[PDB]
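Source file: upload.csv; contents: CSV, C-alpha atoms.
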chain,number,residue,atom,x,y,z
A,748,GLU,CA,-16.8,-16.5,45.9
A,749,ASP,CA,-16.4,-13.1,47.5
A,750,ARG,CA,-12.9,-12.9,46.0
A,751,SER,CA,-12.0,-11.5,42.5
A,752,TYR,CA,-9.1,-11.7,40.1
A,753,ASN,CA,-8.1,-10.7,36.6
A,754,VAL,CA,-7.7,-12.5,33.3
A,755,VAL,CA,-4.9,-11.7,30.9
A,756,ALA,CA,-3.8,-12.9,27.5
A,757,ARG,CA,0.0,-12.5,27.2
A,758,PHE,CA,2.8,-13.5,24.8
A,759,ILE,CA,4.8,-16.4,26.3
A,760,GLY,CA,8.3,-15.9,27.6
A,761,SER,CA,11.0,-15.4,24.9
A,762,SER,CA,8.2,-14.2,22.6
A,763,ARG,CA,9.5,-10.8,23.5
A,764,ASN,CA,13.0,-11.0,25.0
A,765,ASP,CA,14.4,-8.2,22.9
A,766,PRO,CA,13.8,-5.6,20.1
A,767,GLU,CA,14.3,-8.2,17.3
A,768,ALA,CA,11.5,-10.5,18.6
A,769,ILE,CA,9.1,-7.6,19.1
A,770,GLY,CA,9.8,-6.5,15.5
A,771,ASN,CA,8.8,-10.0,14.3
A,772,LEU,CA,5.5,-9.9,16.2
A,773,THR,CA,2.3,-9.8,14.0
A,774,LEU,CA,-1.0,-8.1,13.7
A,775,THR,CA,-3.8,-8.1,11.2
A,776,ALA,CA,-4.4,-5.8,8.2
A,777,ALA,CA,-7.2,-4.3,6.1
A,778,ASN,CA,-6.3,-6.5,3.2
A,779,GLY,CA,-6.5,-9.7,5.3
A,780,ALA,CA,-2.8,-10.4,5.8
A,781,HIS,CA,-0.6,-10.8,8.9
A,782,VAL,CA,1.9,-8.0,9.0
A,783,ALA,CA,5.0,-7.7,11.2
A,784,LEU,CA,4.9,-4.4,13.1
A,785,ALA,CA,8.6,-3.8,12.1
A,786,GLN,CA,7.3,-3.1,8.5
A,787,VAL,CA,5.3,-0.2,9.9
A,788,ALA,CA,6.4,0.9,13.4
A,789,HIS,CA,10.1,1.7,13.7
A,790,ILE,CA,11.6,0.0,16.7
A,791,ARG,CA,14.7,1.6,18.4
A,792,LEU,CA,16.4,1.9,21.7
A,793,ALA,CA,16.7,5.0,23.9
A,794,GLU,CA,17.1,5.8,27.6
A,795,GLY,CA,14.6,8.1,29.3
A,796,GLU,CA,14.0,9.7,32.7
A,797,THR,CA,13.0,7.3,35.5
B,201,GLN,CA,-17.7,5.4,10.4
B,202,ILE,CA,-15.0,7.9,9.6
B,203,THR,CA,-15.3,9.7,12.9
B,204,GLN,CA,-15.5,6.4,14.8
B,205,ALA,CA,-12.4,5.0,13.1
B,206,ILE,CA,-10.3,8.1,13.4
B,207,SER,CA,-11.3,8.5,17.1
B,208,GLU,CA,-10.3,4.9,17.5
B,209,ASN,CA,-7.1,5.3,15.6
B,210,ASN,CA,-5.7,7.7,18.2
B,211,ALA,CA,-4.3,6.1,21.3
B,212,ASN,CA,-1.1,4.9,23.1
B,213,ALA,CA,-0.1,2.2,25.4
B,214,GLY,CA,2.8,1.0,27.7
B,215,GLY,CA,4.6,-2.2,27.3
B,216,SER,CA,5.3,-2.9,31.0
B,217,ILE,CA,8.8,-4.3,31.6
B,218,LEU,CA,11.0,-6.3,29.3
B,219,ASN,CA,13.8,-8.2,31.0
B,220,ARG,CA,17.2,-8.6,29.3
B,221,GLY,CA,19.4,-10.3,31.9
B,222,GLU,CA,19.3,-8.1,35.0
B,223,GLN,CA,18.4,-5.1,33.0
B,224,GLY,CA,14.8,-3.9,33.2
B,225,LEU,CA,13.5,-2.0,30.1
B,226,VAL,CA,10.3,0.0,30.2
B,227,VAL,CA,8.7,-0.6,26.8
B,228,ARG,CA,7.3,2.6,25.6
B,229,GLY,CA,5.7,3.4,22.3
B,230,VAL,CA,3.7,6.2,20.8
B,231,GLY,CA,2.0,6.6,17.5
B,232,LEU,CA,0.3,9.6,19.0
B,233,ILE,CA,-0.7,12.3,16.5
B,234,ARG,CA,1.4,15.4,16.6
B,235,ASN,CA,1.3,17.3,13.3
B,236,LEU,CA,-1.5,17.8,10.8
B,237,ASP,CA,0.4,15.8,8.2
B,238,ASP,CA,-0.3,12.7,10.4
B,239,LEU,CA,-3.9,13.8,10.5
B,240,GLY,CA,-4.3,12.8,6.9
B,241,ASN,CA,-3.8,9.2,7.8
Exercise: express the given structure as structure tokens:
Amino acid sequence: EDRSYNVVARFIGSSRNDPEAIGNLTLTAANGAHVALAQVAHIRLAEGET
Amino acid sequence: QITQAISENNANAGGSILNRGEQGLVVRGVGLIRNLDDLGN
């Protein structure tokens, strides 16, 4: 109608609850193989200014 | 294709908020280019 909303694709719940899960998340590659980002992007924990 | 791909390869994004218990965690990440050694990739 006159109203409008957004549309969002998001990982479900515990999919990311923590660093370990996010590490095990996947994305594609040039060679056509799913690769966990933990194999490429180093995931750590640090505090930072609010 | 080179210029398109290398101009596409440079970017960053925020991860909103991850909740562990009552603790909110701003998910931050950066692959942002800094030195010229990272330019080679």
Distance in Å - CA of residue 213 in chain B versus CA of residue 792 in chain A: 16.9 Å
Chain B residues near chain A (7 Å cut-off, all atoms listed in the file) as a list in words: residues 218, 219 and 220 of chain B
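The coordinates place CA of residue 228 in chain B at 8.0 Å from CA of residue 216 in chain B.
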Residue 211 in chain B surroundings by only C-alpha atoms, 12 Å radius, close-in-sequence under 3 positions cut, as a PyMOL selection string: chain B and resi 205-208+214+229-234
Atom-to-atom span, CA of residue 235 in chain B and CA of residue 779 in chain A, Å: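 CA of residue 235 in chain B sits 29.2 Å away from CA of residue 779 in chain A.
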Closest of A:785, A:760, A:796, A:755 to residue 773 in chain A - atom-to-atom distances counting all atoms listed in the file: A:785
Missing atoms of range 219-239 of chain B rebuilt to N, CA, C and O atoms, written as an mmCIF file, in the coordinates of the input:
data_model
loop_
_atom_site.group_PDB
_atom_site.id
_atom_site.type_symbol
_atom_site.label_atom_id
_atom_site.label_comp_id
_atom_site.auth_asym_id
_atom_site.auth_seq_id
_atom_site.Cartn_x
_atom_site.Cartn_y
_atom_site.Cartn_z
ATOM 1 N N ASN B 219 12.621 -7.834 30.224
ATOM 2 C CA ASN B 219 13.800 -8.200 31.000
ATOM 3 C C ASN B 219 14.937 -8.776 30.121
ATOM 4 O O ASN B 219 14.815 -9.908 29.655
ATOM 5 N N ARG B 220 16.017 -8.025 29.923
ATOM 6 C CA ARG B 220 17.200 -8.600 29.300
ATOM 7 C C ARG B 220 18.277 -8.731 30.398
ATOM 8 O O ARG B 220 18.846 -7.747 30.877
ATOM 9 N N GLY B 221 18.546 -9.977 30.771
ATOM 10 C CA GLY B 221 19.400 -10.300 31.900
ATOM 11 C C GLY B 221 18.865 -9.633 33.177
ATOM 12 O O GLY B 221 17.713 -9.858 33.560
ATOM 13 N N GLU B 222 19.704 -8.841 33.834
ATOM 14 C CA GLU B 222 19.300 -8.100 35.000
ATOM 15 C C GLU B 222 18.786 -6.734 34.688
ATOM 16 O O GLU B 222 18.357 -5.986 35.565
ATOM 17 N N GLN B 223 18.834 -6.391 33.405
ATOM 18 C CA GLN B 223 18.400 -5.100 33.000
ATOM 19 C C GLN B 223 16.905 -5.028 32.695
ATOM 20 O O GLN B 223 16.392 -5.757 31.848
ATOM 21 N N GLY B 224 16.204 -4.183 33.442
ATOM 22 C CA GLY B 224 14.800 -3.900 33.200
ATOM 23 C C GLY B 224 14.708 -2.838 32.092
ATOM 24 O O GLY B 224 15.482 -1.882 32.089
ATOM 25 N N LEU B 225 13.742 -2.987 31.195
ATOM 26 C CA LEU B 225 13.500 -2.000 30.100
ATOM 27 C C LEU B 225 12.059 -1.663 30.084
ATOM 28 O O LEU B 225 11.232 -2.523 29.790
ATOM 29 N N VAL B 226 11.722 -0.407 30.347
ATOM 30 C CA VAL B 226 10.300 0.000 30.200
ATOM 31 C C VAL B 226 10.055 0.088 28.699
ATOM 32 O O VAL B 226 10.713 0.824 27.967
ATOM 33 N N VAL B 227 9.084 -0.692 28.244
ATOM 34 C CA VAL B 227 8.700 -0.600 26.800
ATOM 35 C C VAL B 227 7.747 0.526 26.686
ATOM 36 O O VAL B 227 6.669 0.562 27.278
ATOM 37 N N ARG B 228 8.154 1.482 25.872
ATOM 38 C CA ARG B 228 7.300 2.600 25.600
ATOM 39 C C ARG B 228 7.090 2.672 24.115
ATOM 40 O O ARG B 228 7.963 2.321 23.323
ATOM 41 N N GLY B 229 5.887 3.057 23.721
ATOM 42 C CA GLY B 229 5.700 3.400 22.300
ATOM 43 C C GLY B 229 4.560 4.371 22.133
ATOM 44 O O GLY B 229 3.556 4.357 22.848
ATOM 45 N N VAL B 230 4.717 5.201 21.113
ATOM 46 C CA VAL B 230 3.700 6.200 20.800
ATOM 47 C C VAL B 230 3.564 6.408 19.316
ATOM 48 O O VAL B 230 4.526 6.680 18.596
ATOM 49 N N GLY B 231 2.331 6.249 18.851
ATOM 50 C CA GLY B 231 2.000 6.600 17.500
ATOM 51 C C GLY B 231 1.119 7.850 17.563
ATOM 52 O O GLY B 231 0.470 8.236 16.589
ATOM 53 N N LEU B 232 1.141 8.476 18.738
ATOM 54 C CA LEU B 232 0.300 9.600 19.000
ATOM 55 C C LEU B 232 0.456 10.740 17.998
ATOM 56 O O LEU B 232 1.570 11.136 17.646
ATOM 57 N N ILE B 233 -0.680 11.220 17.505
ATOM 58 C CA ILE B 233 -0.700 12.300 16.500
ATOM 59 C C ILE B 233 -0.081 13.550 17.031
ATOM 60 O O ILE B 233 -0.309 13.925 18.182
ATOM 61 N N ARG B 234 0.719 14.210 16.201
ATOM 62 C CA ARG B 234 1.400 15.400 16.600
ATOM 63 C C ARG B 234 1.080 16.546 15.593
ATOM 64 O O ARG B 234 0.445 17.545 15.931
ATOM 65 N N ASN B 235 1.533 16.360 14.359
ATOM 66 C CA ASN B 235 1.300 17.300 13.300
ATOM 67 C C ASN B 235 0.010 17.076 12.531
ATOM 68 O O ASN B 235 -0.695 16.101 12.789
ATOM 69 N N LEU B 236 -0.285 17.957 11.579
ATOM 70 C CA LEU B 236 -1.500 17.800 10.800
ATOM 71 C C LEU B 236 -1.239 16.946 9.543
ATOM 72 O O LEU B 236 -2.176 16.548 8.848
ATOM 73 N N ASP B 237 0.029 16.642 9.291
ATOM 74 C CA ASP B 237 0.400 15.800 8.200
ATOM 75 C C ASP B 237 0.072 14.319 8.569
ATOM 76 O O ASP B 237 -0.179 13.481 7.703
ATOM 77 N N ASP B 238 0.075 14.045 9.869
ATOM 78 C CA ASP B 238 -0.300 12.700 10.400
ATOM 79 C C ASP B 238 -1.809 12.606 10.500
ATOM 80 O O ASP B 238 -2.343 11.505 10.634
ATOM 81 N N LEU B 239 -2.495 13.743 10.450
ATOM 82 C CA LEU B 239 -3.900 13.800 10.500
ATOM 83 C C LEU B 239 -4.559 13.164 9.265
ATOM 84 O O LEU B 239 -5.624 12.550 9.309
#
